[PDB]
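Novice: The following block contains the structure, expressed as C-alpha cells.
Nothing in this text is a laboratory measurement; each read-out follows from the coordinates by a stated rule. When we count neighbours, we look across all protein chains shown, and the Cβ atoms used for this are built from the backbone with ideal geometry, even at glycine.
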Amino acid sequence: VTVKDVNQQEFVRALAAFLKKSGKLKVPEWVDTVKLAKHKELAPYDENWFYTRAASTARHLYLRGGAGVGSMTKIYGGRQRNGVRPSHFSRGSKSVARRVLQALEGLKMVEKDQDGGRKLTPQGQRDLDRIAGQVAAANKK
Amino acid sequence: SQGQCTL
Amino acid sequence: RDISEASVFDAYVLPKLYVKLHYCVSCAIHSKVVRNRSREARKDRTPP
Amino acid sequence: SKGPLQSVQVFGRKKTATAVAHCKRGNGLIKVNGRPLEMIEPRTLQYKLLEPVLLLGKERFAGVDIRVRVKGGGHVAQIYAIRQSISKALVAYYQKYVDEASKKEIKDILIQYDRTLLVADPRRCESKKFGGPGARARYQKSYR
Amino acid sequence: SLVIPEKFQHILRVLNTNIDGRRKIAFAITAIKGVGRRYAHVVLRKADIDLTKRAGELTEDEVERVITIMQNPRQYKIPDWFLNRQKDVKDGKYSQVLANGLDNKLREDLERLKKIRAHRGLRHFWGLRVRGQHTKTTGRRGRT
RNA sequence: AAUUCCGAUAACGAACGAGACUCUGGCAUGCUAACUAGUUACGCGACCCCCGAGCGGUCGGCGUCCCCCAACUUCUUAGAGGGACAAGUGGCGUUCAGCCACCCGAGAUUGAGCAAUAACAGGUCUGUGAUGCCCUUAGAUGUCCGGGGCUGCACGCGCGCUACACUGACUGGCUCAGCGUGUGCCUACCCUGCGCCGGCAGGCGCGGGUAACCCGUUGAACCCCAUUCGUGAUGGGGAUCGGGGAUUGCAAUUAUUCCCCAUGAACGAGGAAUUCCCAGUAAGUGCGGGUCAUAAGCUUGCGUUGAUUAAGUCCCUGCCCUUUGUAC
C-alpha cells in the first residue's frame, strides 16, 4: 500500500506521534514562544506543533519534489484579518521550518536536489510507506 | 393591481 | 362575500346603488373621463 | 483474454475542471492521481462521487479500471468532473468492446437518474460590466 | 475533571484586580493591562501549567509563580522583543509594566509630551488625531 | 425586446435604425500539428506489501531533437468548417404572423463592441506647440529652488470597508484557479527562483526569464476534517493611543505602509425612507491588471462556493405612440 489509500488526517497524526517517540528531530531553541504563521493572533494552541507540522511537511514533500523555502511559504499561507481594513493573504513563515528541513537533514530523510530544493531519500520514503501501512492496518482492525 | 393573482 | 357569509338571508338580497353622475367639462378631464380625441376622432359616439 | 492496447480515454469539463479518465481492462482499481476513489478529500460529497458505482454494476467496474487526472476547476466542480468522467468512461468502454444492448441500458439508466452525468453544462462565468460590483448588479447611486 | 475541586475560588484579588476564575488561566489573567492574550499563552508555557484548568483551580504556589513571571519576565530569558516597553527613553532597562504600572508610565509620557510642546503632545492635550486620521469624519462619537 | 412580421388598406419599390455584423466561453473521439505541453507505453531507479511473489500500486525522479531511445493529440491552445433556423410532434392563433408544452439535442432567450437625424447654452480652455479675446510680462500668474497644505474640523451629505456572533471565531491538518503584467530611446526604477541569517516586515550569497521555457502543476480565501471557547459586550468586533525595527526614496513629523507587545469605546440586525439584483444571477469570498520610488478600503476584470423568489401589470414614479385643446 501507498500513502494515498489512508486518511490524511490520521496519517499526519500518526507520523507526528512517531517523530515524538523517536525524539531525534532537531528542536530549535525557540520552542513554544513564537507564532507558526504571520496572520495568527495567538501562539499555537497545542504543543508538539513542531512535530505535527514536520509530519505534514514530509507528506507534502512526498507528493511533490524539488520544494524549497519559496515553495513551502506559498503552501502554508493563512487568512490574514486586519480588522477594519479588508483582509488579505499572507505567506507562510521562513526561519522556523528552515530548522525543520535542517532537522530532516539531520535525520537523513532529505537530500539537496541537482538544481535546488530538497528531495526525499530512500530512508524517508521507506519510513513514510511503512507508517502508512500501519495506519491502514490500524484502521482495518 | 400588480398582477399578483390569476373577478 | 364577507357580508354574504354573515348574511341571514337565503341568498335573496342583492341591493344595488344607482347614482346619477354629472361632470362639467373642466373637471371631466381630471376625472380622466372624456380623454382628448384625434381630429377624425371627434366625430364619434358611445364607446364600447 | 489478454488483449493489449484495449484502452479508451475520455474527458469532462465543469467550469474549466478538466478530468481525464484512462479506462482499460484491469482488476477494478479506480484512482485519481493514484489516490483511491473513496479516499477523496470531499468525504461529505463522497456519496455523489460513488453514485456511478452504486448505480451501475460493481462487476462492470471490477472488470475495468479508471484513472482520473484533474488540472483545473474547484471543489464541487472537480468532484462532478470526476463523477462524469467515470460515467462516460464506462459508457465509452461499453460502446466499443462489449454488447451495445447493455450500452443502451446503462445509458438509459444514467439518463433516468440524472442527465448531468453525461452532459457538460453550458453555463459559465458572466463577465462583469462597469457601473456595479457584480456582472448584472449596479453600484448603488442616489440622486442627492 | 474533578466534580468539586477543593480550594476553589470564584474570584482572585491578586495585583489589586479581580480575575474571572470561571474562565481559563490563559484568558483570565488578561484583565491586567500588561498581560494580554498572546503574552498569557507564552508565560503559561514557560510555567508549564496546563491550560485545561481554570483560574479558580490553580494552587497558591502556582499563582505566586505566575505573579513572579508577570513582575520580572525578562529574568527567565524570554525574548526581548516580546516585552511591553523596550529601550525606555528614561532608562536603559528593558521591562514590562502591568496594570497601574502601564497607566503610570503612559501618563508620565503624556505629561512629558505636554512639557516639551511637541506636535504629538499638543494634539494629545487637545484630544485629536495623531496617526494621520481624517477628523472630517473621524472623532464623530466622543466629541460633541 | 423591436413600423420587425402578418393582414383590411393608395400605396409599390426601397433606405436609415432594430436586425444583421464583429469579440470571448459552450463539440465532435472530425482535420491540420504543435519538446516552448500533455497522454499511453518503453529500459531504469526509489519504495510499499511479499516466495525470487504481481500483465501488482505511486513518482511533476531519468530520456524517447547529435536519438532510433515510439507514436498520437482525449485532456494545454491555434487555423479552418457545420451544429440551433421555432427545424420535428401537439396545442392556441381571423389557421396567417406569431406564443407555449414535448422528444431527440453541447445549448430550445449564453453575455458584450459599433449603434438613424437632431436637441442639449451638458462638462472639459487643468489633455496637447488645437484655438479666438482679455489678463500679470523682468516686484511675470512663466521657468528655477525650498517649505507648508492639499488630509486641517464643531456640523450635515454619496459610494464604500469592519463586524454586531454559535451556520460563529481560535488552533492544526487536507484539497482546486485563470485572465495577466513581468529588465523600458529619452528614464535610474522588472518578475522572481535556490540556498543562508533573523522572532517579523526584512537582510546576504548564488541563478532563470526580453518569456507555453522562471516564478508557476500560480499548493489563494469561507469551503472538507479534528480541539478549544458556549450566550458572559464573552480569545471573536478592534476603532484611538505608546515603545521597538526594517521597508521605499533626499527625506515617513502633519505616522506611505508593514512586523511584535500593549489601553481596548460603540457595534443585541437599526424609525422613517430607497437602491441593486432573475442564472452560474445575486451574494459570500478572494486574486490579478489600471494606478506605483513603496503601495488600494477606488476601479475594471478573473475566479471558487454559489439557492428560493417571476415569467406578470402600470397600483406608485417615468419614457413611447395616437387621438389631439393650444395667441406656445
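Novice: With the Cα gyration tensor of the protein assembly as shown giving a ≥ b ≥ c as the square roots of its eigenvalues, does the rule (a/c under 1.5 for rounded; else a/b larger than b/c for prolate; else oblate) give rounded, prolate or oblate?
Specialist: Oblate, because a/c is 1.5 or more while a/b does not exceed b/c.
Novice: Chain D: longest stretch without exposed GluC sites (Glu not before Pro) (DSSP loop, at most 14 other Cβ within 10 Å), sites themselves excluded?
Specialist: The longest uninterrupted stretch comes out as D:39-125.
Novice: Once you order the gyration tensor axes a ≥ b ≥ c over the Cα atoms, which shape class does segment E:1-54 get: rounded for a/c under 1.5, otherwise prolate or oblate by comparing a/b with b/c?
Specialist: Taking the square roots of the gyration eigenvalues as a ≥ b ≥ c, segment E:1-54 is oblate.
Novice: Still on this structure, I have one more. Where in segment A:1-102 are there chymotrypsin sites (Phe, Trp or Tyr not before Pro) that are in a DSSP coil and have at most 13 other Cβ atoms within 10 angstrom of their Cβ?
Specialist: Answer in residue order: A:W30, A:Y45.
Novice: A further question on this structure: What list of ³J(HN,Hα) couplings, whole Hz, do you get for segment D:100-108 from phi and the Karplus terms 6.51, -1.76, 1.60, once you set θ to phi - 60° and write x for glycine and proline?
Specialist: Each residue's phi maps through the Karplus curve to give 6, 4, 5, 5, 5, 6, 6, 5, 5 Hz.
Novice: Here is a further query. For chain D, what does -39500 (n - 2.57) per DSSP helix run (n ≥ 4), summed and divided by total residues, give at 222 nm, in deg cm²/dmol to the nearest 500?
Specialist: -10000 deg cm²/dmol
Novice: A further question on this structure: Find out how many positive minus negative residues lie around C:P47, taking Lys and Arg as positive, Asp and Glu as negative, among other residues whose Cβ is under 11 Å from that of C:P47.
Specialist: +2
Novice: Cα-Cα over 31 Å: which of E:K24/E:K114; A:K35/E:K93; A:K74/A:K141; A:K94/E:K136; A:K4/D:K2; A:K21/E:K33?
Specialist: The pairs that break the limit, which is 31 Å between Cα atoms, are E:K24/E:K114; A:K74/A:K141; A:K94/E:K136; A:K21/E:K33.
Novice: Quickly work out the A:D115-to-E:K77 label distance, labels modelled 7 Å from Cα along the C-beta direction, and quote it in nm with one decimal.
Specialist: 4.4 nm
Novice: Explain nothing, just the number: relative contact order of chain D, from Cα pairs under 8 Å at least 6 residues apart, as a whole percent.
Specialist: 26 percent
Novice: Given that compact globular proteins tend to follow 2.2 N^0.38 Å, what is the ratio of the alpha-carbon Rg of chain C to that value?
Specialist: 2.03
Novice: What distance in nm separates the simple spin-label points at E:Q86 and A:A17, each placed 7 Å from Cα in the Cβ direction?
Specialist: Placing both labels 7 Å along Cα→Cβ, they lie 4.0 nm apart.
Novice: Of E:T59, E:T144, how do they rank once you tally other Cβ atoms within 10 Å and put the fewest first?
Specialist: Ordered from fewest to most neighbouring Cβ atoms within 10 Å, E:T59, E:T144 come out as E:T144, E:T59.
Novice: Continuing with this model, one more query. Before rounding to the nearest 500, sum -39500 (n - 2.57) across all DSSP H runs of length at least 4 in chain E and divide by the residue total; then give [θ] at 222 nm in deg cm²/dmol.
Specialist: Computed mean residue ellipticity for chain E: -10500 deg cm²/dmol.
Novice: Calculate, in whole percent, how much of the Cα-Cα pair population of chain D lies beyond 28 Å.
Specialist: Summing the P(r) of chain D above 28 Å gives 28 percent of all pairs.
Novice: Still on this model: Sticking with the crude label model, points 7 Å out along Cα→Cβ, report the distance from A:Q123 to C:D2 in nm, one decimal please.
Specialist: Result: 9.0 nm between the two label points.
Novice: Which order results if E:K24, D:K128 are arranged by neighbouring Cβ count within 10 Å, fewest first?
Specialist: Neighbour counts put them in this order, fewest first: D:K128, E:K24.
Novice: May I ask for the distance between the Cα centers of chain C and segment E:87-144, given as a whole number of Å?
Specialist: Using only Cα atoms to place each centre, the spacing works out to 79 Å.
Novice: First select every other residue whose beta carbon is under 10 angstrom from the beta carbon of D:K24; then total the charges, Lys and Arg +1, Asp and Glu -1.
Specialist: That works out to +1.
Novice: When the Cα centres of segment A:68-141 and segment D:82-144 are compared, how far apart do they sit, in Å?
Specialist: Segment A:68-141 and segment D:82-144 have Cα centres separated by 37 Å.
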